[PDB]
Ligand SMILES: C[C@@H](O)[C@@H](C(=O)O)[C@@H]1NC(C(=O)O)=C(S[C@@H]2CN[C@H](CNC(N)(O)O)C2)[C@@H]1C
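Just one chain follows, in the form deposited without the ligand, and it is written as structure tokens.
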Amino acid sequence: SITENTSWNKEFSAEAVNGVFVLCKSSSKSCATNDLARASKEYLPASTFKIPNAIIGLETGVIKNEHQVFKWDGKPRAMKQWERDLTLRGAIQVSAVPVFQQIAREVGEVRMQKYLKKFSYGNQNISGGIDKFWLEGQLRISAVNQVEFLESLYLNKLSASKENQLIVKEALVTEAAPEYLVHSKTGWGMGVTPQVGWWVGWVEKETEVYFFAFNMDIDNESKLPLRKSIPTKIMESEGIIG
């Protein structure tokens, strides 16, 4: 299933990054990683949790459909970018925390618990408060588990309607090129130490698909772009992006 490639550490070393990339062609049955140990280590998901949360919001009817607008009430928010009305896609792409905290409260503990068991999502630990377990609570998931989850979503194999999986997939499109299409999601777990940065998703190029998950320790905000640039450089050297 999974082969170690220590040459990739070259990409990590200039910037002194502690991190892991997991990359799979076609299925999670043929993966490579730079670090087998860290590939299976579980970290706080932070905003990557918007993926299952959005699917569960749709499945339970908490989110009406892909056209639902989440209105800003006028109360100040942690980020300038969140202080506007947002569509589902917008809320996911600008990683609007308070929109998803309200979704989580309306889903509720009992249903949230069940859905993470159906999705086999990490340690499935949602203690710490219904509106903050993926931000500062006990939930943890590995890069390998992120790839397995995303593969299921890609194939419409999660326990959820095909419709709701498709809706969330469109919301995850981040790069459209004539040769290839990227679905992806960032995360930055600030409420854990060391802080974790994520980039997870998949790339379709020609008739093939590649699933990936990247995470790294982030001390300082100036290192955030490395969570996309390190794995993009690896994917581009293999011809997956470009």
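In this text, rigid core is short for the largest set of C-alphas that superpose within 1.5 Å between two forms. Numbers follow the displayed sequence, beginning with 1.
Omitted from view is the form deposited with the ligand bound, to which the following refers.
Picking from 89-97, 113-121, 161-169, 145-153 the stretch near the ligand in the deposited complex, with a 4.5 Å limit on heavy atoms, gives 89-97. Heavy atoms of no residue among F21, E204 and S237 are located within 4.5 Å of the ligand in the deposited complex.
The shortest heavy atom separation between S47 and the ligand in the deposited complex is within 4.5 Å.
Not displayed here, the ligand is kept clear of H183 by more than 4.5 Å at the level of heavy atoms in the deposited complex.
In the deposited complex, the ligand sits within 4.5 Å of a heavy atom belonging to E221. Heavy atoms of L135 reach within 4.5 Å of the ligand in the deposited complex, making it an interface residue. The comparison between this form and the one not shown, aligned on the rigid core, picks out a single residue among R89, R140, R77, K169 whose CA moves by 2 Å or more, and that residue is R77.
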